[PDB]
C-alpha cells in the first residue's frame, strides 16, 4: 500500500532529489526505496524535494530561511502526517479520501483495519477521534487475544461463528462505514465500527460523543451515548444540498459561487425551487 508521501512524491517529485529533514525511520526508508534521497543541508526547490520526517521536523523546516521558496505538497511534505489534507483525492491504506479532508491516527488505523469504506471531501476530523469495533458479546469470553491460543481447528470454529454473529463483532459481515463530505467530528469522539455504516454528509459529531448508530445527513449529535440534538438546516434545505452537492464543484465553481456557500439563505433561494 502506497503511503501518503509516496502518492505525493509520485505526483510532484519530477526528477528532483528527496531531501530528508530529520532523522529517518525504517518506514520512511521503505517508502523512499524507488527514489534517490539524502540528508537535507542546503536545499533548492528546483533540485530538491524536502520530506520532513515528523511534524516537529516540519516546523523546524518552516522556521528556516530556505523554506521561503517551497510550496506545500508541490515541494515539501511531512512523512508522519498520513491524515494530513491534500487538495486532491488520495488513498489512505486503499481507503479513498476526498480533497481538503484531514484526520488523526485513530482514523488512519481504522482505514488499515478495514473499518472505513470512504471518507468524503471537506471533512474535518479531530486528531483524537477514535473508531473501533466491538468484540464478540454473546460468547462465554469477551477477550480477543485468547485466539492466539486457538489451534487451526478452534480458530476455524471461532471464525465461523464470528461471521454469523448478527451484531458484527470486529465489523464482520457488514459494509465498511462511509464518512460523508462536509463532516465535522470533535475531540475524543468515538464511532463504533460494529454498529455504524454511515456518517451522513454535513453531519456534526460533538466533542466526547459516543456514536453507536448511523448519523443522518446534517444532524448534530452529542452525548454519551450520542443523540441528535438538532439538524443544521430544515428538512427542505437538506434535500437541496444532497441534490446540489457543492462538495463536488470544481475550484473554479467554488469561487464563482462563494456567495451561495457563505450564505445558506441565498443558497436556498437559488437552488431550492431553482
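Positions refer to the first chain, counted from 1. Heads up, when I say rigid core I mean the largest set of C-alphas that superpose within 1.5 Å between the two forms.
Asks: So if we fit everything on the core, which stretch drifts more in 7 other deposited structures of this protein, 210-218 or 231-239, C-alphas only?
Replies: Looking at 231-239 and 210-218 in 7 other deposited structures of this protein, the bigger mover is 231-239.
Asks: I'd like to know which segment deviates more from the shown structure in 7 other deposited structures of this protein: 49-57 or 29-37, using C-alpha RMS over all structures and residues after a core fit.
Replies: If we average over structures and residues in 7 other deposited structures of this protein, the farther stretch is 29-37.
Asks: Averaging CA B factors per stretch from the PDB record, which one is higher: 20-28 or 5-13?
Replies: Per the deposited B-factors, the answer is 20-28.
Asks: Out of 63-71 and 48-56, which one has CA B-factors that are higher on average in the deposited record?
Replies: For C-alpha atoms only, the mean B-factor is higher in 63-71.
Asks: Which one of 195, 198, 94, 136 shows the biggest C-alpha B-factor in the PDB entry?
Replies: Max CA B-factor in the entry, restricted to 195, 198, 94, 136: 94.
Asks: Compare the CA B factors listed in the entry for 188, 132, 163, 90 and report the winner.
Replies: Checking the PDB record, the top C-alpha B-factor among 188, 132, 163, 90 is at 163.
Asks: State the tercile, meaning the lowest, middle or highest third, of residue 234 with respect to the CA B-factors recorded for its chain.
Replies: According to the entry, residue 234 has a C-alpha B-factor in the chain's middle third.
Asks: Where does the C-alpha B-factor of residue 242 rank in its chain, lowest, middle or highest third?
Replies: Answer is middle: the recorded C-alpha B-factor places it there.
Asks: Looking at the C-alpha B-factor of residue 81, is it in the lowest, middle or highest third of its chain?
Replies: Its C-alpha B-factor belongs to the highest third of this chain's values.
Asks: Lowest, middle or highest third of the chain for the C-alpha temperature factor of residue 182?
Replies: For residue 182, the deposited C-alpha B-factor lands in the lowest third.
Asks: Thinking about Cα B factors across the chain, which third does residue 153 belong to?
Replies: Within its chain, residue 153 is a highest-third residue by C-alpha B-factor, going by the deposited values.
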